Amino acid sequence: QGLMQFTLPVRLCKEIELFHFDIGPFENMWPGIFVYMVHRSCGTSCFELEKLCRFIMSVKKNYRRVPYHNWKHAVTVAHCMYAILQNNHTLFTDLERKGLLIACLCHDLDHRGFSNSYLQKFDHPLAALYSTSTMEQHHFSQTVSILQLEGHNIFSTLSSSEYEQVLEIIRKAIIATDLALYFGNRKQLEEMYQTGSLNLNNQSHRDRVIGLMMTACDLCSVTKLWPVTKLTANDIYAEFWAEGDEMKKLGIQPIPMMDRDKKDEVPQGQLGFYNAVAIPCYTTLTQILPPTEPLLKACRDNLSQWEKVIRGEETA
């Protein structure tokens, strides 16, 4: 008798299936939205509800009150993964469904709103511990610490070898969110797709596809309706500009996107980001996973919005 099913109001029940769904401003509804997505994408028996709830609330507590890399971003990235999984349900394993929504929820644990570059320039202790993907190795380590709390082992029914596999899916998925690694990963996938060598039975290939899925989920603000896209950009720059201030305090000239004095160049910066990162990301994903097309369509629609801003037909 596991007859306690999670339900959502009618609008949320329908719209959560859309790639461009926004999870809304009611923080207290996000745990329920996450459980609902786990129950539908994994199954009601994937996790003990009590342990999963305790886990969710400890993850929330270890996100910080920062403008962008916060609890809302964690659930937002998990929702984009939910939509990819639900529209490609025959392509993933039992352990991949169990691991990937958890990886998305945890992927920015204990973020302070600073890049790997800032931690290196600051000489933060984390940069000595983890020389590459500094924050991402920290996010994984935070994930392990939480899974090891009493009553928090959500994978308790897995064998030692299966637990190890799911922790390895999570580790690689979280590390893949280091955008420095995305450029190389997408190039390899594009090469593998265009030569017809890409093989979803090859684990090292599955790792690359999951990595690109993680990038796609992580950047998914560019795949929302324009008003969501535009408002989320404010939170992104709130963080970039705070880091730029901190770079200036260290006596280092920040890169342009982190300099608040360069505010008027944001529309052109966005255009650069969409052309160099977002459009290629969703293009390669759509080639590998054709049902993810709505992400690419929404990204192209937002690219056209930023062009309208640059021409002075829209105001930001």
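We number the residues from 1 along the sequence you see. We call the rigid core whatever largest set of C-alpha positions still superposes within 1.5 Å between the two forms.
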Legend entry - RMS CA shift, core-fitted in 7 other deposited structures of this protein, bigger for 168-176 or for 239-247: 239-247
Legend entry - Which of 297-305 and 8-16 lies farther from this form in 7 other deposited structures of this protein, as RMS of C-alpha positions after a rigid core fit: 8-16
Inset, instruction - Between 198-206 and 166-174, name whichever shows the higher mean Cα B factor according to the PDB entry. - result: 198-206
Inset, instruction - Using only the Cα atoms and their B-factors as the entry lists them, report which of 253-261 and 45-53 averages higher. - result: 45-53
Inset, instruction - Please work out which residue in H107, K187, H79, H138 has the highest C-alpha B-factor recorded for this crystal structure. - result: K187
Legend entry - Identity of residue with top Cα B-factor, from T132, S115, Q142, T215: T132
Legend entry - Chain third (lowest, middle, highest) by recorded CA B-factor, residue given as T286: highest
Inset, instruction - Could you look up the Cα B-factor of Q120 in the entry and say which third of the chain it sits in: lowest, middle or highest? - result: middle
Legend entry - B-factor third for the C-alpha atom of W226 within its chain: middle
Inset, instruction - Would you mind ranking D22 by its C-alpha B-factor against the rest of the chain and naming the third, lowest, middle or highest? - result: lowest
Inset, instruction - Report the third (lowest, middle or highest) to which the CA temperature factor of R64 belongs, ranking only the modelled residues of the same chain. - result: middle
